[PDB]
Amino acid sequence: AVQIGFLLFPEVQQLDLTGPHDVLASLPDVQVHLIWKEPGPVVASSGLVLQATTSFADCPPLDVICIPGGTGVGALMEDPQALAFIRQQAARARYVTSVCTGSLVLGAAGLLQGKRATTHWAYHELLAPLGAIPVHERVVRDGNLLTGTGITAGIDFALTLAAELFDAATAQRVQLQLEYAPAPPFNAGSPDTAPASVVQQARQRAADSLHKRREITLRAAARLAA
């Protein structure tokens, strides 16, 4: 079976994970893992309780690894066990992927050095200190690396991955079975299309988190510079 793994950490943004999980779990001959330090409950940033299925030590070699984002990314960027596990898996994985601020975890792990990548718009300035070439695009592919932003990015690149792992007809079948055709009632999903007043409110609400993440990012970068 194709082995697909999501990192499941405290304060994950659960939809970053649960979207691609449901798409990829629809495919034949796949096994999907939710990975943490040990199996058991892990609480998402909303309070929704998820369950990790495998420990780092027991996880098989993965064909696909996916790092979701969320407020828990800050701690994960300085979790040496988690970063080492991600590096080990990335060394052999066909696909290394992330959603939203999950790419900052890839960055802290050293996996974005010289690589084109994106992240959540409010945190995009944190890519360059981690060695990345920052790109303002919703999905960015560099070799075996896909980084995406948005709560359907992982669903979308899951359909791309499905087409490459299997074939286009299989990806189309999953899309049709899920009747997946988003049609948002507003056009505020990018800082370039949202009203300026909404952008400002979002920036102000993110300011304390960004400040703390600047500090974390600098320590993570120092470890890479060593």
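All residue numbers refer to positions in the sequence shown, first residue = 1.
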**Report entry** Entry-level comparison of average CA B-factors, 66 to 74 and 176 to 184, reporting the higher stretch
**Finding:** 176 to 184
Query raised in the report: Of 48 to 56 and 26 to 34, which one has the bigger average CA B-factor?
Result: 26 to 34
Query raised in the report: Once the chain's modelled residues are ordered by C-alpha B factor and cut into thirds, is residue 205 in the lowest, middle or highest one?
Result: highest
Report summary line: Quick tally, chain-level thirds of C-alpha B-factors: residue 139 sits in the highest
Report task. Rank-wise, by C-alpha B-factor, drop residue 94 into the lowest, middle or highest third of its chain. Result -> highest
Query - Entry-reported Cα temperature factor of residue 169, expressed as the chain third it lands in - result: highest
Query raised in the report: What third of its chain, lowest, middle or highest, does the C-alpha temperature factor of residue 4 fall into?
Result: middle
